[PDB]
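In what follows, chains are A, B, ... by sequence order, proteins preceding strands, each numbered from 1.
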Amino acid sequence: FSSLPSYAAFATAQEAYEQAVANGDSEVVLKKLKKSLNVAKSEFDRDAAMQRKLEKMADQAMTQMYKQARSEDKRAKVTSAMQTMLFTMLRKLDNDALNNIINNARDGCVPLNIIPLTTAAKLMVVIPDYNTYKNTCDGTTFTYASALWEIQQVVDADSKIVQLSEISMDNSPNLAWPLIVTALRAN
Amino acid sequence: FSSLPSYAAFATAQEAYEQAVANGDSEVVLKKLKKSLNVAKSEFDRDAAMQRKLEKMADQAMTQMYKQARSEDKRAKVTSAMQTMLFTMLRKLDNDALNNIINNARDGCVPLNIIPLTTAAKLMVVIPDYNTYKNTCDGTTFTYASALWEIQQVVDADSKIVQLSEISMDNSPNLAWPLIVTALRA
Amino acid sequence: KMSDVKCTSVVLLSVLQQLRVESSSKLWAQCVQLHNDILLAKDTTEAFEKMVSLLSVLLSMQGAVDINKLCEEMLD
Amino acid sequence: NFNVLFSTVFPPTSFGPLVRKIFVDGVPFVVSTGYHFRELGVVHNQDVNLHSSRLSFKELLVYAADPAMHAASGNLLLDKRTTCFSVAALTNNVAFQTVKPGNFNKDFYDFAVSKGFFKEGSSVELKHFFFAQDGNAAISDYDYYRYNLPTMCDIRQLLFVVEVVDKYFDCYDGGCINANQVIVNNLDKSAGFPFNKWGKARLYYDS
Amino acid sequence: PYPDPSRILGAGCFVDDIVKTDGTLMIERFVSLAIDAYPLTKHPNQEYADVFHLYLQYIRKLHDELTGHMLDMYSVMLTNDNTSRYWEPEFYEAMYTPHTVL
RNA sequence: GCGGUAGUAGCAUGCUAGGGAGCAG
RNA sequence: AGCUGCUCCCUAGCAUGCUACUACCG
Ligand SMILES: [Zn+2]
């Protein structure tokens, strides 16, 4: 703040006061060129104190709209994320089993709990111990929920592949023992 | 903070007014020192403030920097401090069984499974040379973790049975040495 | 002397955890049970045998912590 | 109260959301349009429109929170660790979450022992700790909902208890407020499935 | 009101982050835990008042050891800017007397 | 000699915002 | 990785309020 209109005015007032101080003539020398200086008081008070408020408010505004631009970009980002997720899960879904059960409904509505139960292609079973294994999915095919399933792969709690011969009553204490069975719907 | 420029001006003004009150001549010619002086306290307290709190601002910035540095260098060394701590604590516990197994492990004899607590149940221990076999196994009784275990079977590094009375001085250079004893608790 | 065994058990389980032992589910289950039963003991003769069996786990895993210089750094 | 008694007779696959097929610029969805409650009966939505053109931010937000399309596109599940009703598996493998031990502040403990604490027979001793848990901790804790049973009430007694209980709440005042009058402490907490894949609560209160 | 002493001591010895096992990095944790433990000073059991006194002594030790680091590792002279109120009982006694300052 | 206003410095009380931590259900 | 409530510490800002110094007019 030096290029203001009143820097020159206070400069010339104090310069004339300097000229008269090098002169030093009268009592009006003191009175005047302390009042040439005492007029250039409001200049350098308001012109250098209202210039000290507009700039702070300008900085406030600039920071605020920076914030708003960033918040406007993140919205578009999350919009794209949600859309991609929905359209991706859409393409494991539009089969003919779904339309078959939906068109058998009298008004269009069905319970949600019977859609994986009747249209899913893959089943996952979690077994706590061997006694439960014997009564649920022993063999290589079993029946659950009015259908026939065919086993592919068995893993354990460490995600390591077990073979169906190892699962026995005397080898049972050597296995990490939630086992997870994966089966496919038989046709 | 006294090494500042306007200190000289303020001191000059106050000494002049001390002389004026020690002379006591006028009221406004002495107010000279005061029109002259209140300017001194308008340019010394206006400059003996900003740097006085700047002195504290700097110290608080450097304390913050030090704390962030120490915090980030503490969590880059977790798995050395933790093990050093564990072994000082285990030393000052001074238990007989723990000292037994720790000294054995230091010279070579380690287990292969968790040490059982039931009077039943099996223990397998690796024995790497004859000398450490002398101290622990004599007869068919094993001394480990301040207890007694009864030997049941010794097999070699070749995974084949070796009878117990075979293990002795002369035949020691004949077996692939890291054997495995198998004992049950007495 | 009970306080020392409990604090030492806490540090022991931290070391075992950062040696990647919870990648075996049965071993981790056994370790957790031993730790939790030391922290509830009211008799200093059970706590020490449970600590013996819990430190045997670290001593089994040969070639993962070097027992010699640790015991010779300063303290055993 | 009567619905609670009569609903124990009907199959448990008949309760929950009711789904329907809608088209979004010619591509079929599956969304919820109602609900069958065990206590409140059948409820149907009032603003349902097949054949819409686009989706706003708000409609995407509503369709993403729906369990309809998450469960309609996963595998069937037969979990034998619980007696609760299992619906679907949203991935190809099960997750086993553990809990860690605490950290030991040895400096404070040494300082406290050099001042006479933790002596034999003291009245102050350590009984609060960080307990560790293994992989089967979440499902075994979820299985405590087997203590919730269907309970029918004495209705004439309850209709009087409620009036007295209401008399206990007379000095306060409430009602609805607008969106520029609500207050949130700590906008840096989780948003909760499926929304924790993309940000915190700040993201959704700003967008 | 006063708490169970084991709760306060356990909050002292066991923490959920490794950074909190160095006292000089926070100190405010112990100031807060000492606010929670002040009313044990009035108990008839003598092993209950010692908890509050132990906390005050530890706070003083931590302040001294933090300030005696900037004079050696660096050459910073910290001034005790009225931080001595934290290891005296008046600051804590004031929190249970009816004339607020929340 | 006083009042009013305009500036500059130091001090408190209250409100808001941001960050760090502790306890309780 | 939740919802609430209370309390301590640090910085920024706003107005307010008190108080001190300088100038101008009356
Ligand atoms: Zn309303």
Side-chain angles (χ1 to χ4, degrees), chain A residues 10 13 36-53 56-57 59-60 63-64 67, chain B residues 6 10 13 27-28 31 34-53 56-57 59-61 63-64 67-68 71, chain D residues 95 97 99 128 138 182-202, chain E residues 1-4 7-8 10-12 14-17 19-20 23 25-39 55 59 63 81-83 85-86 91-92 94-97 100-102:
Chain A
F10 155 68
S36 289
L37 278 197
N38 236 322
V39 138
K41 154 229 117 44
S42 41
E43 301 323 282
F44 263 43
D45 198 291
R46 207 73 47 271
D47 208 350
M50 203 45 63
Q51 191 107 354
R52 194 202 333 261
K53 184 219 87 208
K56 267 185 77 291
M57 90 152 191
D59 183 27
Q60 305 261 308
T63 305
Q64 145 80 342
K67 274 191 227 263
Chain B
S6 60
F10 173 48
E27 71 251 10
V28 203
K31 229 183 275 156
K34 201 57 61 237
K35 279 329 241 357
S36 325
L37 198 138
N38 283 38
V39 190
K41 315 223 64 144
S42 74
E43 172 110 353
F44 197 81
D45 304 349
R46 212 222 50 239
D47 271 341
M50 77 170 339
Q51 60 84 267
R52 167 44 214 167
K53 299 175 279 220
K56 259 146 26 184
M57 173 225 75
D59 277 347
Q60 264 219 51
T63 318
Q64 190 230 286
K67 251 140 48 161
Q68 185 182 4
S71 146
Chain D
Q97 213 210 321
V99 185
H128 289 70
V182 326
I183 285 152
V184 192
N185 320 273
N186 213 349
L187 270 183
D188 262 278
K189 306 228 151 283
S190 97
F193 204 84
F195 303 103
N196 53 12
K197 310 185 176 310
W198 309 303
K200 307 250 142 155
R202 211 186 280 281
Chain E
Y2 67 91
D4 181 12
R7 219 292 182 186
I8 312 295
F14 302 110
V15 293
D16 48 307
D17 195 34
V19 152
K20 315 176 152 165
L25 303 187
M26 269 138 69
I27 307 197
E28 67 248 4
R29 283 210 340 132
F30 297 89
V31 168
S32 269
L33 285 163
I35 276 179
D36 275 320
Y38 167 78
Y55 268 85
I59 288 171
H63 261 305
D81 289 345
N82 204 32
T83 51
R85 64 203 256 241
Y86 292 143
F91 170 93
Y92 309 88
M95 298 276 317
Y96 293 91
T97 312
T100 100
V101 82
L102 29 115

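Ranking G:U7, G:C10, F:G22 by closeness to the B:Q60 side chain, first place goes to G:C10. With G:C9, G:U7, G:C14 as the choices, the nucleotide that has an atom nearest any side-chain atom of E:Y86 turns out to be G:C9. When distances are taken from the side chain of E:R29 to each of G:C8, F:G22, G:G2, the shortest belongs to F:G22. Here the nucleotide nearest the side chain of D:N196, chosen from G:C9, G:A1, G:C8, is G:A1.
Between E:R7 and F:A24 there is a side-chain N or O to OP1 or OP2 distance below 4.0 Å. Between A:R46 and the phosphate of F:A6, there is no side-chain N or O to OP1/OP2 separation shorter than 4.0 Å. Contact check, A:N38 against G:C24: a side-chain N or O comes under 4.0 Å of OP1 or OP2. Taking only side-chain nitrogens and oxygens, E:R85 never comes nearer than 4.0 Å to OP1 or OP2 of G:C8. Between B:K34 and G:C21, a side-chain N or O to OP1/OP2 separation shorter than 4.0 Å is absent. An OP1 or OP2 oxygen of G:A23 is reached within less than 4.0 angstrom by a side-chain nitrogen or oxygen of B:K35.
Rounded to whole Å, atom P of G:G2 lies 13 Å from atom CG of D:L187.
Using a 4.0 Å heavy-atom cutoff across all strands shown, B:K67 reaches no nucleic acid atom at all. Looking at heavy-atom distances under 4.0 Å, A:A49 makes no contact with the nucleic acid at all. Backbone-only contact: B:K53 has heavy atoms under 4.0 Å from sugar-phosphate atoms and none from a base. Within 4.0 Å (heavy atoms only), E:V101 reaches sugar-phosphate atoms of the nucleic acid but no base atom. No contact: B:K41 has no heavy atom under 4.0 Å from any strand. E:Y96 comes within 4.0 angstrom of nothing in the nucleic acid, heavy atoms only.
Nearest-nucleotide assignment on RNA chain G puts the 5′-proximal partner with D:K200, out of D:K200 and D:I183. Residues B:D45 and D:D188 each lie close to RNA chain F; by heavy-atom proximity, the contact nearer the 5' end of the strand is made by B:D45. Residues B:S42 and D:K189 each lie close to RNA chain G; by heavy-atom proximity, the contact nearer the 5' end of the strand is made by D:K189.
Using Watson-Crick or G-U wobble geometry with both donor-acceptor distances under 3.5 Å, F:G1 finds no partner in any strand shown. In this structure G:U11 sits in a base pair with F:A17, meeting the Watson-Crick or G-U test at under 3.5 Å.
For G:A15 with F:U13, the Watson-Crick or G-U wobble criterion does not hold with each of the two distances under 3.5 Å.
Rounded to the nearest Å, the gap between the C1' atom of G:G2 and that of F:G19 is 22 Å. For the P atom pair drawn from G:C6 and F:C15, the interatomic distance equals 14 Å after rounding to whole Å. Using atom P as the reference point in both F:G14 and G:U7, the two lie 13 Å apart (nearest Å).
Atom NZ of residue D:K200 and atom CG of residue D:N186 lie 9.5 Å apart, to the nearest 0.5 angstrom. Distance CD/B:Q68 to CG/E:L25: 11.5 Å, rounded to 0.5 Å. One finds the OH atom of E:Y92 at 11.5 Å from the CG atom of E:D36 (value rounded to the nearest 0.5 Å). For the atom pair OG of A:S42 and CZ of A:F10, the computed distance is 12.0 Å after rounding to the nearest 0.5 Å.
At distances below 3.5 Å, at least one donor-acceptor pair connects side-chain atoms of E:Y55 with backbone N or O atoms of E:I8.
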